[PDB]
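Before any questions on how it binds or moves, here is one chain, the form deposited in one PDB entry, in structure tokens.
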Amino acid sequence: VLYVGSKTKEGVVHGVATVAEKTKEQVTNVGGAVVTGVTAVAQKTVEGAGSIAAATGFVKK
């Protein structure tokens, strides 16, 4: 069981950002969900057998 309630005058929200200037070889990486707001809720569940996930940047051989 989960309950959320709110009352608000003003909200300003910035979730994720990146800046790169003049650089070489740069990575921004986030391995899960991104959830953003004046009210925000997130949930995840994992079960099963051998269930698998991944994320990756640059590769050079």
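Residues that one form lacks are left out of the comparison. Residue numbers run from 1 along the displayed sequence. The term rigid core refers to the most C-alpha atoms you can superpose between the two forms while keeping them within 1.5 Å.
Just so you know, the form deposited in another entry exists too; it's not on screen, but the next bit is about it.
Trainee: Listing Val16, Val12, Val41, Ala53 as candidates, which single one shows a C-alpha movement of 2 Å or greater between this form and the one not shown when the core is held fixed?
Mentor: It is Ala53; the other listed residues stay below 2 Å.
Trainee: Over in the other structure, so in that other deposited form, do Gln26 and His14 pull closer or drift farther apart at the C-alpha level? The difference is 3 angstroms or more.
Mentor: Their C-alpha distance shrinks by at least 3 Å in that other deposited form.
Trainee: Comparing against this form, do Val35 and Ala49 have their CA atoms pulled together or pushed apart in that other deposited form? The difference is 3 Å or more.
Mentor: Closer together, by at least 3 Å.
Trainee: Can you list, in sequence order, the runs of 3 or more consecutive shared residues with C-alpha shifts of 2 Å or more between this form and the one not shown on the rigid core?
Mentor: In sequence order, the runs that relocate between this form and the one not shown are 18 to 31, 44 to 60.
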